[PDB]
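Residues per chain, in single letters:
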Protein chains: 2
Amino acid sequence: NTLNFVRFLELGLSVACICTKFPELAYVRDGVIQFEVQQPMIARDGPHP
Amino acid sequence: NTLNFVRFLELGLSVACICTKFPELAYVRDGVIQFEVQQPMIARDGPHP
């Protein structure tokens, strides 16, 4: 018998991740990403600051 | 009454077997069929061999 070969991009699990190639991975001491999220505001009066 | 002859190939039981003729069947000692089956393999990390 001959095996069937599975490719990862053909699977439906590939829409759970975004892959990217990175050759110098062993030289990374620490990698970070940043988020800058701002929130809306309500307006009201009365006995509140 | 005339007897109704039955042929084996018209029956639906012939789909469960493949038939072949062999005139020199009385001179066999041990016929042998052979199989070669391979299996796939997955890759992991951590404390697994």
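For the structure given in this document, a descriptive report is provided here.

Let's talk about the overall build of chain A
Move 1: A tally of helices and strands in chain A yields zero helices and zero strands.
Move 2: For the C-alpha atoms alone, the extent of chain A along its principal axes is close to 80 × 30 × 10 Å.
Move 3: Accessible surface, chain A as shown: approximately 6000 Å² in total, 59% of it carbon and sulfur.
Move 4: Here chain A carries 4 positive and 5 negative side-chain charges, and the mean point of each set is 6 Å from the other.

A look at the state of the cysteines
Residues and elements named next belong to chain A.
Move 1: Enumeration according to the criterion identifies zero disulfides over all chains in this entry.
Move 2: Considering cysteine sulfurs only, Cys 17 is the nearest to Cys 19, which forms no disulfide, with 3.6 Å between them.
Move 3: Among the residues examined, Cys 19 registers a relative accessible area of 61% and is labelled exposed.

Details of the side chain of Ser 14 of chain B
All names here are of chain B.
Move 1: Assessed through its relative accessible area of 18%, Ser 14 is described here as buried.
Move 2: Separated by 3.2 Å, the side chain of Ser 14 and the backbone oxygen of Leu 11 make a polar contact.
Move 3: If near-sequence neighbours (up to four positions away) are discounted, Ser 14 is found in contact with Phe 8 and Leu 9.

Here we look at the environment of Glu 10 of chain A
Residues and elements named next belong to chain A.
Move 1: Given the relative accessible area of 57%, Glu 10 is considered exposed.
Move 2: In this structure, the C-alpha to C-alpha distance between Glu 10 and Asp 30, residues 20 residues apart in sequence, is 32 Å.
Move 3: Reaching out from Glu 10, the side chain makes a polar contact with the side chain of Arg 7 at a distance of 3.4 Å.

Regarding the pattern of salt bridges
Where charged atoms of side chains with opposite charge meet at close range, the side chains can pair.
All names here are of chain B.
Move 1: For the coordinates displayed, the defined rule picks out two salt bridges over all chains.
Move 2: Among the salt bridges present, the one from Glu 10 reaches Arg 7, with a minimum N-O distance of 3.7 Å.
Move 3: Taking the relative accessible area as the measure of exposure, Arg 7 reaches 55% and is therefore exposed.

About the thresholds
- Residues numbered from 1 in each chain as written, not as in the entry; some residues may be left out.
- Chains lettered and ligands numbered in written order.
- Part of a larger assembly, values for the part shown.
- Heavy atoms only, no water.
- Helix = DSSP H or I, 4+ residues; strand = E, 2+ residues; numbered from the N terminus.
- Areas by Shrake-Rupley, 256 points an atom, 1.4 Å probe, with all protein chains shown as cover.
- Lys, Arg positive; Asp, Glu negative; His and termini not counted.
- Charge placed at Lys NZ, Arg CZ, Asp CG, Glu CD.
- Disulfide = S-S within 2.5 Å.
- Buried < 20%, exposed > 50% of the residue type's maximum accessible area, 1.4 Å probe, protein only.
- Polar contact = N/O pair within 3.5 Å; in protein donor to acceptor, adjacent residues only side chain to side chain.
- Contact = heavy atoms within 4.5 Å.
- Salt bridge = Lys/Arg side-chain N within 4 Å of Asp/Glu carboxyl O.

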